[PDB]
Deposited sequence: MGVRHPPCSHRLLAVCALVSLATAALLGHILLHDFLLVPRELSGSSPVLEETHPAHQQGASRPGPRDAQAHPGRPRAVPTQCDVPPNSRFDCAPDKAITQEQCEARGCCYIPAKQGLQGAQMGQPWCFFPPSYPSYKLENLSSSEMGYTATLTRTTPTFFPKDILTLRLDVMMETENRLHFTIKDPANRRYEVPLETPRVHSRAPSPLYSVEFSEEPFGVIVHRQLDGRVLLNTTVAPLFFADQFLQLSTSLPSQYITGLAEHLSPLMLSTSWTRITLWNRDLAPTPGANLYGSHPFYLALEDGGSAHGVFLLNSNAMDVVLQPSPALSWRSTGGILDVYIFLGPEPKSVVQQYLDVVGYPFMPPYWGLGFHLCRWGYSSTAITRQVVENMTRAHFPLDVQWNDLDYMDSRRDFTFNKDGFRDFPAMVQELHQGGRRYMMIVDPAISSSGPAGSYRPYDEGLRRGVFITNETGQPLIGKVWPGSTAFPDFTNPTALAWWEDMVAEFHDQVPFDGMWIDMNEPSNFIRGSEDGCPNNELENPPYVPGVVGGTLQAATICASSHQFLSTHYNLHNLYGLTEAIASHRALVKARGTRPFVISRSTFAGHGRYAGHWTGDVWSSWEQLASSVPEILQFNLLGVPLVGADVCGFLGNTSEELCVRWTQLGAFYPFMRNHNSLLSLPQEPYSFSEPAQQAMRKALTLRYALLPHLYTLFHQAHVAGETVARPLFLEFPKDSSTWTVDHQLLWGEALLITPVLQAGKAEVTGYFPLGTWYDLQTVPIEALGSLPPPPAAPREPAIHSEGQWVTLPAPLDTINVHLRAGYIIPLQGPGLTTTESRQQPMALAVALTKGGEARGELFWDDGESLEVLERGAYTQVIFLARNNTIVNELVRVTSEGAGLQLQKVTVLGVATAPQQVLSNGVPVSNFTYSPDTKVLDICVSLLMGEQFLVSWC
């Protein structure tokens, strides 16, 4: 009964240090491991679970009763449960386990012919078994361990199909999670990213790879503090401190299909405004309008693109929301109007917590919040008071419809004073400088629960508000992990109402489904080579979770950057879907114009290339928004049948076609990256115009094409270089240079056409006005497909409207042209001019065409 293979031992003492006698008293096996680790106290196969009874078939699927006869060692076991199994789509299986006698907290969320899955049940002990129909692989099997279902402790386990599992944000981790007895804690926490810690967000979703390259996904729709325990059998245990078991299985079979299927439940990513894809520049310490204006002037003088100027807390009156000081920021409204007049946008920090200490009637956000009962309340029904920047603060309850109306009003009123273009919502874990409240917290089972997950500080109260505090929908205990998400929803709505165009919200704290409303930055990362490297898996992870608008603070936030690190970080950071350089108060400056000439040239090239690629990056955001695609994606999402890609997370793709192989270490002049099977063209063979000086071309010419069998390749990568390769068979739209997207969007466009050996390629362009609401619903867009075939390039017009009708195509660069053409035609007429490079196999064609009018370019 205790002959259980070590890797297959499930912990019978997750709650406390236990003795052999206590362990055997629990009906468990005590066997010390021979050297988190393998549990010494573990469940025999006979450990009491639930029994399945009265399984019944409905049109949607199945229902049953689950009955526990022997209590567990947790208090308040729920001895009778109800199982509901819903066969919702061919790709999506959904089951819930609930208390049929009591409504329990549930997360608020908007809802051959055969399924890809089959489902069976173990009677005793109870388990759900989910097979992939096509190959019979066991994907879920909850029979592997007992079901625990107590008022403050839920535990459901499964086997995993492989050692390869990704998800369960937010943590500083490789993209593929360690199955070596790893405890992953979901409890939104203000902490500078560091290993083994619960960070700002919580996404209870994993994607598991299967031998051969198929995959499935599992979503536990549960917002309670939880541990997820991975063990090397391999197996996973969900351990939640409340709510219900609400489980979605997504059958793929392709990893990209698993992500789309998950986003069909939690929501497709929001479409950002085009300007949001430009460069953002921020620091803590731009302490006046004069200093802030000098930033834009200094960027412009040195020919650095900048779409969005930001401020941190500097702008506020005594660090209070919806104010600006009348010292350094007396002319704040004029500064923001000037930014707009120059074709730029403006962003500023907003905190959730509202100053509670000002004289009555002197501070409308607090006074009006009090009147309308918007704040989280304590035992006596008064506002819970904590401490953040302004001092004493109350915490808005963004589950209260009246708080949403109050937040809408405060945002609209402040926008009437200063016409900001979006919101940077920080400290929304929610972060508290003191423990719980100024008044501490009561002694109850929510503050002191029977199972405390592995949170930093060992309490749910650490760096946040009391767990037993009251919100409109439930206690903070149940809603904590949604705080940031609820603020992002409230802010998205506020900005729509205030501005009448697409909102731009960047949030610290997140939950599953955040991407439907907002983007994310990875928080208080150190200016270190280790954090540069760590940013790549974290940006990829957020893309798998449907938050494609993600990035890290370019050059890093905490401490002092070096010039070399800032060059490398700007190079990689130009491929973050959200690109902002942000910097801490006491740090040395790290704006692009603050470095040496050679470092400026490299940074200017990185920003020039990003601006040139914005039509393509915007098109990838359209695919995310309409089809649940990723924008930045790991190689294994694009080439899952190549197992060599599974552990790659220091390279990234943009969409299907652009492979970015950054240098992530000091003193390197080369980089080794994985190239999937195919031809990869060096993007340096595509001509790009810059407004300012770029690095001199390299001393030694580089290989124009990598012809890979699926292999590791060492690339030259001097300080002034980042490796970017374009996949053969793809066409990329580009647009001419500008210091803003207002300027760049007016420029003529270009195509980069990467031919297969067989002379084929395909690409697309999505174009709209860059900021209106309801574009897709109203049809206010242009959509064009580009096709290369048999020495011809054509466009196919999917939709052409006024937005996109004027788009000028002036250059076509064709890669992989084996022989000098004798003639190049545009619509049957010899072109004005073309160049062919025999060394690089590049055909560069000058044309005068319209994206929105059928053309035919040919060569022979």
query	finding
Stretches with no C-alpha atoms in the model, relative to the deposited sequence starting at 1	1-80, 116-121, 198-203
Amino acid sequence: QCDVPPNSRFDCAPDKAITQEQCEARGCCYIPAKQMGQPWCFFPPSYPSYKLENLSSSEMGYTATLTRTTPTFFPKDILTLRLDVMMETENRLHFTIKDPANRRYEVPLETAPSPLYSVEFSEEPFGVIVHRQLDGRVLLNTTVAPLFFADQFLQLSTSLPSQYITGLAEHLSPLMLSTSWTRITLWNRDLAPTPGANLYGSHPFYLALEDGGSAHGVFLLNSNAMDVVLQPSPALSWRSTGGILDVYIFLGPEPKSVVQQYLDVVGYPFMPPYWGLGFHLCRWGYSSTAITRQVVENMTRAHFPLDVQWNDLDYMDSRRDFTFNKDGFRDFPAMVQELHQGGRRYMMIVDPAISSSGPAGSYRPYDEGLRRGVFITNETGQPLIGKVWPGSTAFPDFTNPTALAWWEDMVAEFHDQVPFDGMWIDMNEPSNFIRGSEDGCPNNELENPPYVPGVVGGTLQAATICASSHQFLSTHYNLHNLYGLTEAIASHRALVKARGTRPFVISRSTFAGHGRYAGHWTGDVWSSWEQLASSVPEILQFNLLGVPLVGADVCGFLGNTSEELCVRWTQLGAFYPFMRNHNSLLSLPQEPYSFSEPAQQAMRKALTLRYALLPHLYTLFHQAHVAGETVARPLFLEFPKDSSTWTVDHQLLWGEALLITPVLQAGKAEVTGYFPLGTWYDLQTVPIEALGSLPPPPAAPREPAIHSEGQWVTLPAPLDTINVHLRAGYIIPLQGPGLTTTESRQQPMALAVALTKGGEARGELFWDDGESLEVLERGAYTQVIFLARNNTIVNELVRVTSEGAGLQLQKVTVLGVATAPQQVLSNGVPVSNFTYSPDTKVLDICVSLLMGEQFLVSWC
From here on, numbers count along this sequence of modelled residues.
item: Other compared entries missing residue 72, a third or more; value: no
item: Across other compared entries, residue 185 missing in at least a third; value: no
item: Between the two ranges 680-688 and 537-545, the one averaging a larger CA B factor in the entry; value: 680-688
item: Stretch with the higher entry mean CA B-factor, where the candidates are 483-491 and 774-782; value: 774-782
item: Residue with maximal Cα B-factor (values as given in the PDB entry) among 430, 273, 519, 115; value: 115
item: Given 580, 514, 103, 622, the residue at which the Cα B factor reaches its maximum; value: 103
item: Residue 586 - Cα temperature factor, lowest/middle/highest third of chain; value: highest
item: Lowest, middle or highest third - CA B-factor, residue 613; value: middle
item: Within-chain third of residue 379 by Cα B-factor, per the entry; value: highest
item: Cα B factor band for residue 343 (lowest, middle or highest third within the chain); value: middle
item: CA B-factor placement of residue 725, once the chain's modelled residues are sorted into thirds; value: middle
